[PDB]
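Encoded as structure tokens, the structure appears first; notes follow it.
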């Protein structure tokens, strides 16, 4: 079963978006190197209906399967990028919403 | 200018999911008739990191542009299905998170 991994971010502090944007470039580089991560996309939340105002930025990974998601989890590039995101968000990991939709 | 429209649901009540799957079937049949809606997916949130327990189900629509999202917004068949989602979630539309990532 195919997994859409959605990560919504709550930036907090001076240089939070800058660091997040470096983390996005780090993850753009990683995606092509992981065969089970078929698509990686990121951007501002335009929130046209004003129903997610807490999360001004997010990203999406599409994985072939759970093995692919786990390969991504553990890769040193992603652990570094993940650390940077946690350092850039409100109350750390608590300012990061992660959904894993099986589609 | 491509838009990822993500809807996460908080079902509330007996028969909430039953109605949500009815609304999903409506959107499955509509998506193919909306040419700027290039992909429509949905399923349960496995939430492997326990970081989104609130939202057991969700869906993603990929739109080519804002005009495509607007065409979906105003389509009477989408509105029917969206009213069903609202009436199936906790405290109405309060139980629905909607992101629009511009990617």
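Protein chains in written order, with the authors' numbering: chain A, 0 to 102; chain B, 0 to 102. Built from N, CA and C at the ideal position, the CB exists for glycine as well.
Local conformation of residue i per DSSP, three classes
i                      : result
residue 89 of chain A  : coil
residue 38 of chain A  : strand
residue 101 of chain B : strand
residue 84 of chain B  : helix
residue 1 of chain A   : coil
residue 29 of chain B  : helix
Proximity test, Cβ basis, 9 angstroms: residue i and chain B
i                     : result
residue 90 of chain A : no
residue 7 of chain A  : yes
residue 87 of chain A : no
residue 40 of chain A : yes
residue 71 of chain A : no
Residue j beta carbon less than 9 angstroms from that of residue i
i                      : j                     : result
residue 51 of chain B  : residue 85 of chain A : no
residue 29 of chain A  : residue 71 of chain A : yes
residue 59 of chain B  : residue 3 of chain A  : yes
residue 13 of chain B  : residue 90 of chain B : no
residue 67 of chain B  : residue 26 of chain B : no
residue 102 of chain B : residue 41 of chain A : yes
Closest Cα partner of residue i within the set the options
i                     : options                : result
residue 44 of chain B : B/71, B/5, B/93        : B/5
residue 22 of chain A : A/59, A/79, A/91       : A/79
residue 1 of chain A  : A/14, A/49, A/62, A/37 : A/62
residue 99 of chain B : B/88, B/17, B/65, B/93 : B/65
residue 47 of chain A : B/69, B/20, B/54       : B/69
Residue-level contact to chain A via CB, residue i, 9 angstroms cutoff
i                      : result
residue 48 of chain B  : yes
residue 18 of chain B  : no
residue 101 of chain B : yes
Original post:
Taking the runs of the alpha helix (DSSP H) that are 4 residues or longer, which of them lie wholly in the stretch 46-82 of chain B?
Top reply: As summarised for the stretch 46-82 of chain B, the continuous alpha helix (DSSP H) elements at least 4 residues long and confined to that stretch are 65-73, given in chain order.
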